[PDB]
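Asks: This one's experimental. Sequence and coordinates below.
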Amino acid sequence: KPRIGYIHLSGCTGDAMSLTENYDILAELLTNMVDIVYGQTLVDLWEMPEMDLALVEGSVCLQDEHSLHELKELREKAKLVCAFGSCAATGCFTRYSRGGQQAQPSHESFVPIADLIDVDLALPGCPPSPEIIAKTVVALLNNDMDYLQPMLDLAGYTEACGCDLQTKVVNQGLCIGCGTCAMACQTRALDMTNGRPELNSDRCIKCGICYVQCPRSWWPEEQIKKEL
Amino acid sequence: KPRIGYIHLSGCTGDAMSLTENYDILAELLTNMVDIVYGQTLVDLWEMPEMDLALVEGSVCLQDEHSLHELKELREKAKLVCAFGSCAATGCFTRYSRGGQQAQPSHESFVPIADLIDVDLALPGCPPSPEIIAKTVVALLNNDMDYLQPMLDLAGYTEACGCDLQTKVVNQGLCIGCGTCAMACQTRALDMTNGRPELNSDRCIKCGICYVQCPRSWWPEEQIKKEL
Amino acid sequence: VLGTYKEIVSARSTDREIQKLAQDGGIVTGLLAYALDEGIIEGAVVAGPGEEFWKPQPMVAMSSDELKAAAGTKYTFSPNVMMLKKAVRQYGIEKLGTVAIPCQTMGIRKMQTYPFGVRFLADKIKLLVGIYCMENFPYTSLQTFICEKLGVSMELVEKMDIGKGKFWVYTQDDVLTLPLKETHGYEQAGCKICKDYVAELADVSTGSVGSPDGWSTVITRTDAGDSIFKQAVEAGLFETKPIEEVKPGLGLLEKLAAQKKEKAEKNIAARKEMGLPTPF
Amino acid sequence: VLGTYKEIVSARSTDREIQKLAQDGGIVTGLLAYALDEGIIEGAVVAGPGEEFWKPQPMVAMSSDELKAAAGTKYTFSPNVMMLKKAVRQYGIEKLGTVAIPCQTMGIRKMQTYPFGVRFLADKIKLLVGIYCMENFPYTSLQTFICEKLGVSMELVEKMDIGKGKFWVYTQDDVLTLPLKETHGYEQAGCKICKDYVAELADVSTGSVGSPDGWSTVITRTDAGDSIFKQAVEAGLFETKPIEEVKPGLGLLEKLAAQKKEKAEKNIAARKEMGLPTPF
Amino acid sequence: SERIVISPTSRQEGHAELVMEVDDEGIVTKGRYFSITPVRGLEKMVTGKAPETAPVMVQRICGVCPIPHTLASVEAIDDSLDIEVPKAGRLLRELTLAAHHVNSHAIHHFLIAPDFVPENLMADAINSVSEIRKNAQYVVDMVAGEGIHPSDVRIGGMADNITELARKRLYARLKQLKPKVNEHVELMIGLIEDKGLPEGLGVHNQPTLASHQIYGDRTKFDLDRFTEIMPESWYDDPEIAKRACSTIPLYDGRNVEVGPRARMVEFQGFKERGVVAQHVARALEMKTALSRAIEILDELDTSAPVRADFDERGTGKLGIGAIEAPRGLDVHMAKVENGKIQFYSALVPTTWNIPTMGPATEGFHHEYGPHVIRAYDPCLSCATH
Amino acid sequence: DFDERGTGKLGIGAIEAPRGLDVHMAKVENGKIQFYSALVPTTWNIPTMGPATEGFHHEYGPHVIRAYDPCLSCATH
Ligand SMILES: Cc1cc2nc3c(=O)[nH]c(=O)nc-3n(C[C@H](O)[C@H](O)[C@H](O)COP(=O)(O)OP(=O)(O)OC[C@H]3O[C@@H](n4cnc5c(N)ncnc54)[C@H](O)[C@@H]3O)c2cc1C
Ligand SMILES: Cc1cc2nc3c(=O)[nH]c(=O)nc-3n(C[C@H](O)[C@H](O)[C@H](O)COP(=O)(O)OP(=O)(O)OC[C@H]3O[C@@H](n4cnc5c(N)ncnc54)[C@H](O)[C@@H]3O)c2cc1C
Ligand code: SF4
Ligand code: SF4
Ligand code: SF4
Ligand code: SF4
Ligand code: SF4
Ligand code: SF4
Ligand code: SF4
Ligand code: SF4
Ligand SMILES: [Fe+2]
Ligand SMILES: [Fe+2]
Ligand SMILES: [Fe+3]
Ligand code: NI
Ligand code: NI
Ligand SMILES: [Zn+2]
């Protein structure tokens, strides 16, 4: 019954695919668990209804008149606006773009939606793992925010280098060389030279998963409840 | 007569050398233009006198007991504390460091002094060009802050990728492809693919000169007075 | 309006070669080449000619013959200013003069004011020349015009110029023009906020506008530039006729400059109203 | 104190090979190897043996023979957890069990709680084993001890263990020890704030402390781990004697765990008092 | 007894604390010199990172003797890679190193001038050093991109090669500079004797090391001879061993002082030894450098290519590059595997010295003792990195 | 194992994406791409799709387009 809305401004669309990944949940889930409205991909109504939460796949583009126009509309329409996938949350690979590729050589600038409009929560990943996306939906559906405390916090996150866990953590002297953050690389750009993480930029999309998954970056004592 | 003090926490020491570069000024300058006190390099008094301004060469290190101890002392001693050279201002190449090189394998974390203590102004560069350093000193000596408005602003700057003028400017759609920022690379890491700046990380020290020298990043109408 | 200036003139360089290949006046090439004779400048950095066709790649030419090759107009980003560190550093040049769009020009002066990690470069530039730029476009943005619009190869256009109220491509056996209103999408997002139609910063500024075809109007912003110009006119390289006398009226150029400011100003209000940072 | 646990025991694996090469108990190798038999785990990721001497590089071993090679203790960062994505992905493993320091262990559980871009991995770990770690040091930090302190090559030490109140290097024909107070500078800046001496998160936790030499004390934090352990003891691989009965008293281990918390807590106050960010 | 600690010792790059044990007369007995600067950790940071990076990160190790560091790193890397600089490319490197020696020495004089030169002179003395210093920079920056921290030198070549117009512009500047430098040294040489520090000051029995007067030869070096041992062994005190930030590099198990004094004795033939001798050696040493400067400059191809193309992915094999930094011998060893450095080690000229410096400050009344240390003109940032 | 620094020469790689033919051309010079072009299966289609939706009542017409199952993100990149 709760209405979930997902609008993909400019996204590889992996994020949507990840959503379909949680198969066991999925077949029932659209039907029973959640109501999906105003998804151009998943539905065909052109103008958005008020929606309990809005999921925005991709970083907005300043130049495109429509994307900007749509984003402004979205804030009123969605009681809660959540940006998911790095491309909405951090701007992701988009940042590397320098415009000037035809057609439309002009479109060169893309920014995380978050900068344009306050966003309640963004969960990043390229795409976000299907499970996290399912866990949030059940959480959002089941209305618990102890769980989503980390994400509400993550909405702020925006720019994120691979480079940054080095500035954000290893520099702080926080890093203990556990290796968790390298494992959380979709790109596989990060790897551990003894024993700290060393990453090679040629291959980093700035998704931000490594800053997020370091135990050091923020420790929830929420989980302890989950195991036991 | 005005007292300038420069304390180099952990710096390649280029910054000091740049200071000596302005030769025509220099011979007279220590003697007539300025008074230098409490510089271990340039003077031999161990405990610092109150000083009108303090110039700090290098990024502080958290682990080293002395550097931290010295920094706290410095704030009282220097009526104005200015961090110069990227290594004080942005943390510069230091950021790349992962500790664990003998002797003293432990020292792995270095942070721009600015984060530890509020700093009135930092002028970055690795080193700062001798002229800018001379211009500020005359300015500081001659007490004009219309000129140092940009630097007071720059004190905030801290972390700075090569990567960032792409996020900071080219993404914003500000960039016009003038090529000024590439010219302002000590490293030479930046170079212009048509027509935007493309930089290669293997070779960037995170000095921050490129963000600073883009006309787009901040335009002083101060200069117009200087030419004419 | 124009930036404060010492004088306004419309002039052409005397030499047959400069008239032959120079876009308008041939003043930039003529003024730059003369300085070489006088030696005020050891070398200058002039855009072109790039690996692509009609693609400019900045090059520092000590040789006058080289400046001539550079002379022409290519409406694309050529980051002239990247060279300046390179030119002063290796082909060591005590004083170097460069041709800069107003845009680049904005970039250099602050740097001369605030070197911030440019060493010794700042003193070295002797004469900086500013060329009025309404807007300029990415090579691809440019490429579309020549082909979807004009149905010609990038090879064929011997010269391309934006005539008043039009875009002109000159190809052997033809001239092809399309309206500017056609051009409106393509120029870079950055230029949307470029205030200065004329090069206010530049020591001397040269533009096609406000002068008859084949005549270039050069406005001398600063005294050093003025001096170099006075010397050249004494040289007789340039035939100079005071601007006001010759139609179109420089008032028209002034109007064009004003229009640019109106365009910049609102764009900034819109950018300012919006979150995204703005210089200016 | 200890993290909430199902039971505390001190046990040794039966097998001669595990006793021969296992650091203490030989429980991690024995527990891990048995699971392979039972098949609860398809493979596990166990640090070592690295390209350097006594340098651990994490490796996922399906083979029991391989686990035996892995078994031993190397006091350096081995980022075990990097493997987990790699092990599940290529040597496809439905359920994989790994040996994790408390530190790594902190890193995995949140991830299981908050995958955030780990796909399907999260379910896959079946038994995670936590090893008590007081502190651990960089390879170079370690290297100095063996040589400036013990005057031995990195080659010679067959096994290195930190005995209570001491550091022990075992080399053929000798055993060499230096006091921990000697050790104090070297361990990583990160560990300064590591709260958990025992592995509270880990399903079963094994440590040398609180058990006689050659006997390892295994504390079962969670039910799945407990089950695997109950099965193994039924197997008779491990000889188990309740912890309280055998000196040293597990109260001593408890005291050690408490000491660690006191150390963490003030460090955090100091870091909190200071600007620099802190988790926790 | 009583032990007096000077920290940090004044007038030298970085921070070192000298600890002294003295008899009642105050004649010192054990002199301990250690560098207390925090390690910026370049040797480690470079590892697992690309070859292209290694010269850029490494030179930041020391902004005074940046050119020697860059040269050493490139040489070590090119050697591991096996690139061959073309002769013009090789000549440009030597030309830059020479300009750098000249400059660096001048910087040292500015620093130690106050003890040596009367105040009436000093403003004039300082001015001259700036004058000599300013010309030398022109060469270092012009050949090598901006210097200090020139970014131009690169694996297997030089980024670009100076135009004949540039080379000519440079030459007059170097050739014209030759008279001033010659005089400048004499005044410096004249000044140093006047001080008359007690003869027999700063004499140590330690062996000197030199590869080449300017550009260093890798071949004349023994990995077999060389060893490095951590201060923890070398130092007397647990406190001092722990405090010291610098490894001691041992030649044939013997602490070694490498210097211009050392570079002269091995190559020039410089029989005299003293602290005064080290000072004298620094002057004549720049004197020699500057010559090569102009020498290489006159005979420069100016159109021959600088770059030699090379394959970055490397054989595991390690290579050593040794070049003479203004403060003494330097070597960089690197092994490139998979195109990213696997082992990187740098021994900087000061590093060699720091163990020898403490024994040197023994005997003569300690007020003297910092004078000995300052003669070595150590730059710690180099010693520790 | 391969050498990254490349001859100027361009090369084409074509593989069949679920939505239709795909090719990538790249030229690597100096170990950094100099020209890169991608034609994605949808790109080929988009011109043909408009002519396809002609004739039958338009309510049908989106049905034709949807049959091609185009993914734009591919078409535009
Ligand atoms: C992008 C651009 C837009 C322009 N727009 C206008 C306009 O709207 N109205 C107008 O009157 N004039 C404009 N100009 C300049 C004008 O068209 C003439 O090119 C010039 O002002 C007259 O000098 P000249 O007759 O001596 O020609 P030349 O002797 O040919 O001088 C041309 C010089 O311009 C330099 N140059 C060429 N392309 C570039 C580039 N992309 N960036 C920097 N420098 C370059 C070349 O080095 C050459 O030396 C523009 C120029 C450029 C580059
Ligand atoms: C860094 C470190 C510090 C420790 N400190 C203590 C301590 O203070 N007190 C104490 O009682 N016990 C400590 N331990 C564990 C203890 O010393 C024994 O190693 C172990 O708990 C007993 O298991 P076992 O007898 O079966 O030995 P084994 O059968 O040899 O089990 C050892 C296992 O540890 C794994 N391992 C080895 N090195 C590492 C590493 N760096 N990171 C992750 N895993 C690794 C290996 O895969 C091996 O499988 C420490 C272990 C480590 C790695
Ligand atoms: S977040 Fe990742 S998967 Fe989603 S649209 Fe952006 S790039 Fe594609
Ligand atoms: S998770 Fe954090 S501390 Fe652990 S290895 Fe990765 S970066 Fe280092
Ligand atoms: S290193 Fe990997 S996880 Fe981190 S931001 Fe880059 S791509 Fe993402
Ligand atoms: S700012 Fe640059 S020159 Fe100064 S100490 Fe830091 S790295 Fe060296
Ligand atoms: S200065 Fe700024 S706009 Fe100009 S070329 Fe450089 S990055 Fe682009
Ligand atoms: S690109 Fe160059 S200027 Fe910019 S931060 Fe890197 S090193 Fe500095
Ligand atoms: S319109 Fe402005 S920003 Fe664009 S090229 Fe001309 S001067 Fe530069
Ligand atoms: S002391 Fe803490 S941070 Fe250090 S290795 Fe052990 S568990 Fe990890
Ligand atoms: Fe070293
Ligand atoms: Fe395409
Ligand atoms: Fe050095
Ligand atoms: Ni040095
Ligand atoms: Ni597709
Ligand atoms: Zn970055």
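Replies: Thanks, I have it. Residues are numbered from 1 along each chain as shown, chains lettered A, B, ... in the order given. Ligands and ions are numbered 1, 2, ... in the order given.

Asks: can you map out the helices along chain A?
Replies: For chain A, the helices defined by DSSP state H cover A:14-21, A:23-31, A:65-77, A:85-89, A:113-116, A:130-141, A:149-154, A:163-165, A:180-183, A:209-213, A:222-227.

Asks: Just the buried residues of the lengthiest strand in chain E, please?
Replies: Among the segments of chain E that qualify as a strand by DSSP state E, the longest is strand E:328-337. Residues of strand E:328-337 classed as buried by neighbour count (16 or more other Cβ atoms under 10 Å in any protein chain shown): E:328, E:329, E:330, E:331, E:332, E:333, E:334, E:335, E:336. Using the backbone N, CA and C atoms, a C-beta is placed for each residue, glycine as well.

Asks: and of the helices of chain A, who's closest to residue C:40?
Replies: Nearest to residue C:40, of all the helices of chain A, is helix A:163-165, at 45.3 Å by Cβ to Cβ.

Asks: and the closest one, does that touch chain B?
Replies: Yes: using Cβ under 8 Å from any Cβ of the partner chain, helix A:163-165 reaches chain B at residue A:163.

Asks: what does that helix contact?
Replies: Applying Cβ atoms under 8 Å, 6 or more residues apart in numbering or on different chains, the external contacts of helix A:163-165 come out as A:175, A:181, A:197, A:199, A:201, A:204, A:210-211, A:214, A:217, B:161, B:163, B:201.

Asks: continuing past the longest strand of chain E, what's the next helix or strand?
Replies: Of the helices and strands lying after strand E:328-337 in sequence (DSSP states H and E), the nearest is strand E:340-347.

Asks: which helices and strands sit right next to that next one?
Replies: Using 3 or more Cβ pairs under 8 Å, 6 or more residues apart in numbering or on different chains; DSSP states H and E, the elements in contact with strand E:340-347 are helix E:42-46, helix E:53-59, helix E:66-81, strand E:226-229, strand E:328-337.

Asks: Between those, which shows the greatest average number of neighbours?
Replies: helix E:66-81 (a mean of 28; mean count of other Cβ atoms under 10 Å in any protein chain shown).

Asks: Now do the same contact list for residue C:202.
Replies: C:100, C:102, C:105, C:128, C:129, C:130, C:131, C:221, C:225.

Asks: Okay, and which of those residues map to helices?
Replies: Using DSSP H, the contacts of residue C:202 in helices are C:102, C:105, C:225.

Asks: gap between the spatially most central residue of chain C and residue C:27?
Replies: Per Cα atoms, centre = their mean, the C-alpha nearest to the average position across chain C is that of residue C:131, at 2.6 Å. Distance of residue C:131 to residue C:27, computed by Cβ to Cβ, to the nearest Å: 10 Å.

Asks: buried stuff in the one helix or strand residue E:115 maps to?
Replies: Secondary structure from DSSP H and E places residue E:115 in helix E:87-116. By neighbour count with 16+ other Cβ under 10 Å, helix E:87-116 contains the buried residues E:88-114, E:116.

Asks: do stretch C:31-41 as well
Replies: Neighbour counts over stretch C:31-41 (16+ other Cβ under 10 Å) mark C:31, C:32, C:33, C:34, C:35, C:36, C:40, C:41 as buried.
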